[PDB]
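The chain below stands alone and is given as structure tokens, in the form deposited without this ligand.
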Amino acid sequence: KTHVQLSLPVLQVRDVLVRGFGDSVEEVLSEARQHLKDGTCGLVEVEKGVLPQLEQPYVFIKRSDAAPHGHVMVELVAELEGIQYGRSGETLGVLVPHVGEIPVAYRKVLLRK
């Protein structure tokens, strides 16, 4: 399927144990997609002071369209030293590995895969 319904656990930035997906734009997009498929991907909502507490390159989920079955359609955009790889809509948050942190909420998304 071109899209997959996922429910992403929303994590508090200070709880995150693994603060990024790797060391290059291509690696972080690769690893983010793998963790999204495996159910091992978390979401941190972006506010003041959040991104400096996480590791670059960043992987964002961004709104790709204006929401089937409650699932916002999203796609992946990476960022490294202020340059983004991909073009999309509003950020829903930054993706991180999930390794058992307790979430505060869930974010239903339809991931363009």
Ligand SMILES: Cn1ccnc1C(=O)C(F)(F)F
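From 1 onward, residues are counted along the sequence shown.
This protein has a second form, the form deposited with this ligand bound, left out of what is shown; the following refers to that one.
Participant: Open or blocked: this ligand, posed as in the deposited complex, superposed onto this form via site C-alphas, with 3 or more ligand atoms within 2.4 Å of backbone or C-beta counting as blocked?
Facilitator: Open.
Participant: Report yes if any heavy atom of residue 33 sits within 4.5 Å of a heavy atom of this ligand in the deposited complex; otherwise report no.
Facilitator: Looking in the deposited complex, residue contacts with this ligand include residue 33, since a heavy atom lies within 4.5 Å.
Participant: Taking this ligand as it sits in the deposited complex, is residue 108 in contact with it (heavy atom to heavy atom, 4.5 Å or less)?
Facilitator: Close contact is absent here: in the deposited complex, residue 108 is far from this ligand, nothing within 4.5 Å, heavy atoms only.
Participant: Check each residue of 89 to 113 against this ligand in the deposited complex and list those with a heavy atom within 4.5 Å, in sequence order.
Facilitator: Those in contact are 111, 112, 113.
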